[PDB]
Structure formats: C-alpha cells, structure tokens
S.K.: 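This is the structure I want to talk about, given as structure tokens.
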Amino acid sequence: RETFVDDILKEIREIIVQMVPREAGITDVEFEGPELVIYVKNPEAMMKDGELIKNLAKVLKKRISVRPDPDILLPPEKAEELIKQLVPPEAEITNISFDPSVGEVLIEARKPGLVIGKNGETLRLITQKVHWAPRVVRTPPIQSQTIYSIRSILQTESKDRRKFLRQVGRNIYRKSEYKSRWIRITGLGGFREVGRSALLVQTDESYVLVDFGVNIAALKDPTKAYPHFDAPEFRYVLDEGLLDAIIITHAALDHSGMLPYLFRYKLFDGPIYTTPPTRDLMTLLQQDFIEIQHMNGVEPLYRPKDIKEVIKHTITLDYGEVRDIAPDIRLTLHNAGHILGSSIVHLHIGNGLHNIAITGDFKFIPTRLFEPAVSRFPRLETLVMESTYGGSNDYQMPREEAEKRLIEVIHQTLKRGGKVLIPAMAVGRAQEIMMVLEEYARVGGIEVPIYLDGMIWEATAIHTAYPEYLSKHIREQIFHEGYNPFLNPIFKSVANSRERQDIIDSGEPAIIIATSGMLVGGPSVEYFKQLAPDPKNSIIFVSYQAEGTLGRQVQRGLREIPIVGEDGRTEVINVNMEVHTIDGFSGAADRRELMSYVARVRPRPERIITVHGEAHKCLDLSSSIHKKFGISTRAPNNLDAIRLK
Amino acid sequence: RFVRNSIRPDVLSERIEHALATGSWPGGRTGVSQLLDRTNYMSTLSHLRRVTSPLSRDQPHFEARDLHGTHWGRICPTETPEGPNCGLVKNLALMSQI
Amino acid sequence: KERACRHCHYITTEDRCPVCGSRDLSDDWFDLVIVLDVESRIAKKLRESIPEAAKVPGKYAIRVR
Amino acid sequence: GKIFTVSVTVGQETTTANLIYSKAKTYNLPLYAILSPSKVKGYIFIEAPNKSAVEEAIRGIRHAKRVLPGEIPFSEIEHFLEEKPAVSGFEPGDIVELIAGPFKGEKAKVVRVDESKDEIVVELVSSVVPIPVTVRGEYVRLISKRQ
RNA sequence: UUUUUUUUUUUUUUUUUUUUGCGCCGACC
DNA sequence: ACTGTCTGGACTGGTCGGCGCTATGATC
DNA sequence: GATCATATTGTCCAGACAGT
Ligand SMILES: [Zn+2]
Ligand SMILES: [Zn+2]
C-alpha cells in the first residue's frame, strides 16, 4: 500500500529543528515502534531540563526517546565506572549492558527509583556525563528464570529487535492522523462461550486483533478448541498481512494460548502489545502448556522457538501510557485487577471518533494483591465486558469471612500437628493465599514453614519483579517501608524430589501450596498420595474441580480411590484426611461487581457488549443491564460483526 | 600495487609449517620430520645422526636388514633398534662424511 | 543490479534499452540465455517463442516477472 | 550446431556462462550460443560445432570442471526455451513441497490454482486447522500428483 | 397456450513433579 | 586337459607415552 | 566490514580365467 512515512518524518524533523536549539546537533530522526527516536551530538543542550522534552512530546504527541550519536560513545568500562559513580550506592546496580549499534545502556538495579530520579533528572545527568541513553529495569529480589531468559534473548538478538522495531514504526506511521470511515467489531472466538477468545477490530485503514487465545476444555474437538480461522475477514487480513498489531488483555491460556501458533506458521509478523508481567506470565504458561501436551503424548501445538519469536515480537507498555499502534487507532492500558499485569484494553480510534474499552477478566472490589479495575476513562462509547459470573443467582461469597474460615481451618489443622495441602493455580489465587498467610503469620499466629512447589516460586518471583503492578498496600509496604511481604522467611522452595520426601516424612507441621488444583499432575498428586492416609492432615480446595479429575473425586467424599500403581497394578488410596472447600478466592468479578462496574463507569457507554461467558449467562447479564440502566446491550455469537461507527 | 595485493604468503607458510610439523612430506612420504628426543645428551645426538629406510617395517628384508660390508666407517654396526626397525633404521658412523 | 526488458527480454545495466528503447525493465528474471550467433538453433527457437528476442546477439531472459 | 553440457559449480552457473561468453567475445572463440536455465543446477548448455571448441572455451576457468562427452538432441532442450508459467501444470488436490518462501521445508496440499496472477493457494498438511496461504508458483515443487 | 428437486435435538479442566577418529614417530616385554 | 595371467587378501598380541590435524571463496 | 552454500570422484599364496 501507499505510505507517507517519509513526509511525516521530514515534517517532524522540521518542527524539531524549529523548536530545538541549533547547538544540539540533530543528526538522525527515525521511528522505533510507537515512539520517536532523535539522535543528537550535544545532549547537554538538548536536555538541560525536562521542560523541553515535555514540550516536544506535547507538540508532537509522541514518546520522545533522545539518544546520543553513535560516534560520540564512551568506552564501555569507563561508561560503567561513570554510571556506578553517578548512581547513589543505595540503588544496588547488578547488571549493566551496552548496545554498540544504537546508543543505549541497560541498567539492572534493585531500586530503579534512585537510578531514574525524582523527576527523571538522574537519567538526563547520566546520558549527559556519559553520553549513553539509560534504560532502567528492576532486579527482582527473587531470581526468575523466565525473566532472565527473556532479557538474555532480547540482548542477544539486538539487531533483529532493532530491525523489527524500525519496520513496526514505519508501518504504524504510513500516514498521518486519519479519520476512519467506519469501525467494525467481529468476534472470532469467546463470544457466548468461555475460552478461545478472539476479538478483531476492523477499520478502513488498520486491523487490530485482541486477546488471541485457545480453549483447553474442548481441546479434543478442533472446531471448538481454536478461534474461527475460517472467517472471511480474518482470512483476508492474514493472507494480505494487514494485521497491524495484537494486544493481549492478560496472561491466560484463553487469552494468549494461540499466540505462538501464528508465528509457528509465519502467519503474523507485527508487534504484540502486552504489559511486561503479562508477557512473562504468558511465556511461562505457554511453555507449561507445551510441556504438558508433550508429556500427554499428543502432538504439541507449537514449539519453544515460536514462544521465543513471540518474545522477540512483543512491545511492552505500562499502565496509563498512550501509544500510537495504527494510523487511526491509539492504544492505552489500564489496571484490571484480575491477575498480575492484567490490563483493560482501551482503543481510541480516530481523533475522537470512537472509543472502545475491552475489560476482559477483571475485578472491581479491592483485593490483597491488586487495586480494583479502572472505571474512569477520558472518553467511552462502547464497552466490552466479561460475563463469567453474569447469572442472576451467581453471587460469590465475600473475601473476609472466606479468609477467616481458611485461617481457622489451617490453625485447627496445625494445632493437632497435621499438614495443610492447598492445591492451587500457578497464578492468581495462589499468590492471594500466600499474602493472606503472610499477613496472618506476621502477627505471630503461625510459625510453621510454607512450602511452594512447581510454578508457585516462579510466579512469586515474577510478582516480586513488578511491585508497581500490585495493590496500594503492598506498594506502600515495599516502597515507603523496608518490608517485602513476599520475602518472608516462612516461604520456602523445594528444589528436588528428595526435599519433597523429607518434607513429607517430617513430623513437624507445615503448609504446602502445590501447583495443580485438580490433582491431575505435578507435585500435588504425590503430596496427596503421601498425606492422604494421615487423619491429622487436611486438604483445602480453592478452585472449582472439573468432573473426571482426581480432585473432584476427593472433594465429593470418596474415602478410597483406585489408581494405577508404579508396577502396573491397581492401588488404593485411603483418604483419611479432612477435606475442605473454600471457593471465595476467585479473581473473577461477581454479578454484583459487574452491576456496580456498569453503574459506576464514567463516562456512560452508548452500548455494552457481553462476552466471555456462557450463552444464557451473557443473555441474562445483557437483559439485566438493559432493564436496570437502559443502555442498549447485545450478546452476539461467533462470526458476528457489529458496526459501531 | 596490483601484483603485490594478489600474493598471499599464508598459503605457502601454512603448507611448509604443516609439512614440517606433521612430518608428512608431499608425495606420500611419512615420518620425514620427528620430534627431537631430549631424554639425555645421547638421545639428541643419536636422533640428529639418524638414517632411515623407505622400506616397509613389516616385510622381512633379509638382504636389506643385515649389516653390509660397505657400511664400514659409514653406518654404525651395533646401534640398531629392536623389532620391526631392526636393520632398517641406522645411525651414521663417527668417521662418516656426507 | 541487472534488469531485463519486458519487451525484447534483454538484460542491460542502464536505464536505456539498446534494442527497443523501452522504459519498463524488470529486476526479476530467470533462465538467462546468452546469444552469440544470430543463426543459432536456440536463438531461432526463442525467435518463434518471443518475436522480439534474438534480434541482436547478447544476454536474454526466457521469462520476465 | 550441437548442444554440449558443461559441469560447473552449483548455484554459480550464470557467472560462469557470462565469463565464457566474455572470453569467447574477446578471443573470437567459435561459440554459437550459451543456454543456462535456472532450474538446472550445476550444468549449462553451450552450442558449438564441435566439443573441441567447448573444451578450449571452458579451460582456464576454475569454475568450469569438464564437458560431458556427448551430444544432446535439440528436442531434449527444446522445452527449456519455451516460456511457460510455473503455476501451469498444477491441479488442486495433490501434495506439493515449498522449496522457498516463509514456509520453507513444509508440505502442503493445493487448494486453488489461478494462472492469471501466477499464484497458487495451498493448505499446510501439518496444521491442526486449515489455513490457506498464497505462495508463488515457482516456489513449490510437486511431490505427488493426485486429482 | 406450459414440462422434471428437496427440508429439523445428547462427550467435561483455561492446565501439572563425562575428547571420538586419522596417521606418524620413538620405546618396553 | 595343462599353463601362464589377473585379482583379492593378510600382513604376532599387549603396554608406555608424544605430536599434530579435522574450511573457504563471494556477495550484501 | 558480516554470512552462505559448497565443497572431486608390496612379496607371496590361492582362486578364477583366457589361451593352446
Ligand atoms: Zn479469560
Ligand atoms: Zn527492450
């Protein structure tokens, strides 16, 4: 297609040289994804204060990234020494990396606030005295394998990443601010159903795909496990390569499971806009899904190299940051409160033409982990909302008495010397349970160790890596105070099977948080097998148990369960332990929460689309909203296109 | 400049170095150059005064392995190796001149 | 780069076409044909396939794309 | 004259043909014509009255190995000079292999064939869901022919 | 003043525990 | 039926240690 | 200045065999 990126770049350069003083020495101006990069020979005059950069960003309506000229670059050892001397010793810098190709130094520090500065003046001071553009990322207190691998992949593929970013920036700004003639919303999946979500945003200029996911419940049937690839609009977009970007709401298999499949068969080549916690958690979940599919004997959906390609094609966006991802579409992300890095996708199509907010999975009540979902937007016309708990009789129990019952059950179990086994998801409810247990044990209620097995430790490390995405209480504790709730010594990690055997054989009371809520794999099955005959122990279920799983069999009240032994003979598990079920820790919004979010959203949307739930639940939610507030509501099926404007 | 830039000394240097290091001379010859024996003063002189034969060690060369009457004053009559090298690996006499 | 004419299938290194003076040259071509004699058998075979080919000895292309 | 084969290095037939043509032009070799199809790898066709002229032309070039001792009938190389689309000769329903493109080393089934745009639509056989893709005709290679 | 088409309900989770080879040379029994 | 000729093969076991050797030319 | 296809095709004993 025809592009006018060169004319836009020339106009931007003319505006810059009109505004920026001549002593700066501007050499090259280019686009790197959704941000503008300016190369100068005198960084001292360019950024003596933040007012000039702020004025340039306000005038150009772009994210300005000032970088020094590659010709004026200090030696890496002298640059490292100068950076270490300039940064205060309170901020413990761990790793410093340099990019010879483009002026940029990556600084890994335990306290990025001191490296950045009170108002960013420390970054300007560093890039002035050292002539190296600084990029600061947080070193987690708990080491994370996924984050280290992602950072190593990004650093080792700098040339490919820069080429991809330049191509994305050229494609995004192919033309200036364009008013779309029409806006179309089509659902390739997740409409009147749970899982395999897929939302396509179509205009006359650009196309946007939102939370491309997969279905695990119907994995046996290919017609229901994956989004509708037979849609004529999706086929036209993929065949012609017109997909501008893909945005993932949050890191779950029903929202990001099908992402590596596109890169496996080279069906996509553009960028992916997720928050860094969402990217890390979705990479971990995709790797676990691939490993599980491999272990089950079925053909894996994709390969780890496809996940690496997804990592290489991912652009990280923070909360509240407005970026241009299309000639007519502006994308910003807001907190959702469901899981770590969960974002509500807000799309600003045109210059005030229309606004779409896709909430996805979200929570509107305050929690121990994350702040409630953002209900305030600069402009809102169409709202897309989940309907997982959209039924009239769907009313989840409040959090405080559920956690009180959990605490009292755990205390009763530990009073008699038993062991508490809590099967849980890899992300979500497990971290909330750990936070509740840490709060209870901080007053001296319990002294027994808490053991995390499987992906719980990795998810905890990822949570520690991004404390700004957590709730206000945890943020205040970590930043204002010196206390980190996740760094409690009670939380212990078991390395191998020998440590698990020692934990099981030990007579001292302990709390074990496994990584399989249904007891279908992982260390949860072994823990249940080795702790079931003991009557002093107890098992607490914090999630719904699907039919046909071992966890549902234990929850229903089966005293004995026949299983296949190691030698090939049937084995009988005597479940003499206590069984408890507390389903009050669900991260999904309640029906009352959904109604409150509809009532308290500002501004009031013109129409509301109910998706991500069962068909009768979605219809009930839409009818209730229409009857209570008078807003027009629709619950379309799959392959349904709605013309918003 | 055109002639000078077209000459690569590395090929000749590497060929000579490899032949002198491995001992494999061009034409199928092997064992031409060996590591100098530094066990004592006698071994180095004996190796520097060593004469070998191109015949195969496994074949019995009865007419070639035995001491010849023309070896008087040219080839040492007593210093010979044991085994397959007996009579085929010789040493120069102290009065010998080449 | 070497580009081939869309009319006479002639590969030239300049904008001007020394055979028909065409301004539309293609940078993608396969099966290079070198003609040194006009009365060659393969030149005669190419003449009945493409009328404008093999008029002047030189480089030629079987197809233009 | 007579068609002769010259064995050359694979992937560098065009440069060897150009060098042979330049040498024949400069030194007035009795060479009639040179044909170097792109599909044939490592071999070129030179038309000369006798194989001695070919041997004298190709000598002195490191990349010209030897001349095949035989004469090719013109009917064998007649189809090379004719211009035919790469899409033509392909029918839907068979299995093809994609030599080049983003789908390198992948087997696919032909779905739609159109000779107007010189493109062929294929469906990957290893994909869990059918996703038709458009690829160039010359990029594919016919593995089997069924329907 | 005119021929030859047909028609309806049963398969569940958003995921899991240690340099091989090649050849040469010298030497011992 | 004899007789000289062509071709294939195996070349005593073990042990000691050393000394090299395992890419290159042509675009982009 | 970095990468990519290609990179060539020692005597003697015993059994089988043309020659007269
Ligand atoms: Zn979801
Ligand atoms: Zn022409």
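In the text below, chain A, chain B and the rest are named by the order of the sequence lines, each starting its count at 1.
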S.K.: With a 3.5 Å cut-off and no angle check, do the side chains of A:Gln555 and A:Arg552 form a donor-acceptor pair?
M.R.: yes

S.K.: For every nucleotide of nucleotides 7-26 of chain F, 5' to 3': is a protein heavy atom under 4.0 Å from its base (B), only from its sugar-phosphate (S), or from neither (-)?
M.R.: ------------SSS---S-

S.K.: Which part of the nucleic acid, if any, lies within reach of A:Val427 when heavy atoms closer than 4.0 Å are counted: base, sugar-phosphate only, or nothing?
M.R.: nothing

S.K.: Classify the sugar of G:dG15 as north or south, using the sign of the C1'-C2'-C3'-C4' torsion: positive means north, negative means south.
M.R.: south

S.K.: Looking across every strand, which nucleic acid part, if any, lies under 4.0 Å from A:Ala218 by heavy atom: base, sugar-phosphate, or nothing?
M.R.: nothing

S.K.: More than 12 non-hydrogen atoms from neighbouring residues, nucleotides or ligands closer than 6.0 Å to NZ on D:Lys65, yes or no?
M.R.: yes

S.K.: North or south: which describes the sugar of F:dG17, going by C1'-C2'-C3'-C4'?
M.R.: north

S.K.: Using both pair distances under 3.5 Å as the test, note the stems of at least 3 consecutive Watson-Crick or G-U pairs that include DNA chain F.
M.R.: F:1-9 with G:12-20, F:23-28 with G:1-6

S.K.: Choose from G:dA7, E:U13, E:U15 the nucleotide whose nearest atom is closest to any side-chain atom of D:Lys65.
M.R.: G:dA7

S.K.: Measuring only the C1' atom in each nucleotide, how far is G:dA14 from F:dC11? A whole number of Å is fine.
M.R.: 15 Å

S.K.: Pucker class of G:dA16 from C1'-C2'-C3'-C4', north or south?
M.R.: south

S.K.: I'd like to check the ring-ring contact (aromatic ring centres under 6.0 Å, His included) partners of A:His255; sequence neighbours left out, ordered by chain and number.
M.R.: A:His250, A:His612

S.K.: What integer number of Å spans the P atoms of F:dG20 and E:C25?
M.R.: 15 Å

S.K.: In the structure shown, which nucleotide is the Watson-Crick or G-U wobble counterpart of E:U18, with both distances under 3.5 Å?
M.R.: none

S.K.: Determine the interatomic distance between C1' on F:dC19 and the same-named atom on E:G26; round to the nearest Å.
M.R.: 11 Å

S.K.: Take the angle between the ring planes of A:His463 and A:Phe370 and call it parallel below 30°, perpendicular above 60°, tilted in between.
M.R.: tilted

S.K.: Among E:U15, E:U17, E:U14, find the nucleotide with the atom closest to the side chain of A:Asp254.
M.R.: E:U14

S.K.: Given side chains that start at C-beta, do those of A:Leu262 and A:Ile246 come closer than 4.5 Å, heavy atoms only?
M.R.: yes

S.K.: Please report the distance, rounded to the nearest Å, between CD in C:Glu2 and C1' in F:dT27.
M.R.: 14 Å

S.K.: Any donor and acceptor pair, going by atom type alone, linking the side chain of A:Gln545 with main-chain N or O of A:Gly517 inside 3.5 Å?
M.R.: yes

S.K.: Please classify the sugar of G:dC13 as north or south using the torsion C1'-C2'-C3'-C4'.
M.R.: south

S.K.: Taking atom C1' of E:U16 as reference, at what distance in whole Å does atom CE of A:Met425 sit?
M.R.: 9 Å

S.K.: State whether the number of non-hydrogen atoms from other residues, nucleotides or ligands found under 6.0 Å of B:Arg50 atom CZ is greater than 12.
M.R.: yes

S.K.: In whole Å, measure the gap between the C1' atoms of E:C22 and F:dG13 for me.
M.R.: 22 Å

S.K.: Could you list the donor-acceptor pairs under 3.5 angstrom formed by side chains in residues 8-17 of chain D, with sequence neighbours left out?
M.R.:
residue, atom, partner, partner atom, Å
D:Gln12, OE1, D:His63, NE2, 3.1
D:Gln12, NE2, D:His63, NE2, 3.2
D:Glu13, OE2, D:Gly11, N, 3.0
D:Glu13, OE2, D:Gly42, N, 2.7
D:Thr16, OG1, D:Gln12, O, 2.6

S.K.: Which nucleotide in the list E:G26, E:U16, E:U13 gets nearest to the side chain of A:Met455?
M.R.: E:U16

S.K.: Looking at F:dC11 next to F:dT12 in the strand, do their six-membered base rings stack, centres under 5.5 Å and planes under 30°?
M.R.: no

S.K.: Are A:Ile512 and A:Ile504 close enough that some pair of their side-chain heavy atoms sits under 4.5 Å apart?
M.R.: no

S.K.: Whole angstrom is fine here: how far is it from CD in A:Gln545 over to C1' in E:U13?
M.R.: 10 Å

S.K.: Answer yes when A:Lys163 and A:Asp160 have at least one side-chain N-carboxylate O distance shorter than 4.0 Å, and no when they do not.
M.R.: no

S.K.: Please tell me which of D:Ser7 and A:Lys159 maps to the more 5' nucleotide of DNA chain G, matching each residue to the nucleotide holding its nearest heavy atom.
M.R.: A:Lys159

S.K.: Using atom P of each nucleotide, how far apart are E:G21 and F:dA26 to the nearest Å?
M.R.: 37 Å

S.K.: Quick one: is B:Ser56 getting a side-chain N or O under 4.0 Å of the G:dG10 phosphate, OP1 or OP2?
M.R.: yes

S.K.: Rounded to the Å, how far apart are A:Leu452 CG and E:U17 P?
M.R.: 13 Å

S.K.: Please tell me which of the listed nucleotides, E:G26, E:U15, E:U14, lies nearest to the side chain of A:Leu285?
M.R.: E:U15

S.K.: Looking at A:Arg500 and E:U17, is any side-chain donor or acceptor paired with a base atom of the opposite kind under 3.5 Å?
M.R.: yes

S.K.: I'd like to check the ring-ring contact (aromatic ring centres under 6.0 Å, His included) partners of A:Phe164; sequence neighbours left out, ordered by chain and number.
M.R.: A:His313

S.K.: Using whole Å, report how far CZ of B:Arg57 lies from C1' of G:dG10.
M.R.: 14 Å

S.K.: Which part of the nucleic acid, if any, lies within reach of B:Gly31 when heavy atoms closer than 4.0 Å are counted: base, sugar-phosphate only, or nothing?
M.R.: sugar-phosphate

S.K.: To the nearest Å, give me how far apart CD (B:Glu79) and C1' (E:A27) are.
M.R.: 14 Å

S.K.: Please figure out whether B:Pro54 or D:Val10 has its closest DNA chain G nucleotide nearer the 5' end.
M.R.: D:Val10

S.K.: What pucker, north or south, follows for E:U6 from the sign of the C1'-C2'-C3'-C4' torsion?
M.R.: north

S.K.: Got a sec, which residues hit ring-ring contact (aromatic ring centres under 6.0 Å, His included) with A:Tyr451, two or more places apart in sequence or on another chain?
M.R.: none

S.K.: Can you tell me which nucleotide in E:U14, E:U12, E:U16 comes closest to the side chain of A:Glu547?
M.R.: E:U12

S.K.: Is there a donor and acceptor pair, one atom on the side chain of A:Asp288 and one on the base of E:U15, closer than 3.5 Å?
M.R.: no

S.K.: When you measure from the side-chain N and O atoms of B:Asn85 to the phosphate of E:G26, is any distance below 4.0 Å, counting only OP1 and OP2?
M.R.: yes

S.K.: Starting the side chain at C-beta, find the nucleotide from E:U13, E:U14, E:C25 nearest to B:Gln34.
M.R.: E:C25

S.K.: When we call it a touch if two heavy atoms are under 4.0 Å apart, what does A:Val525 touch: a base, just sugar-phosphate, or nothing?
M.R.: nothing

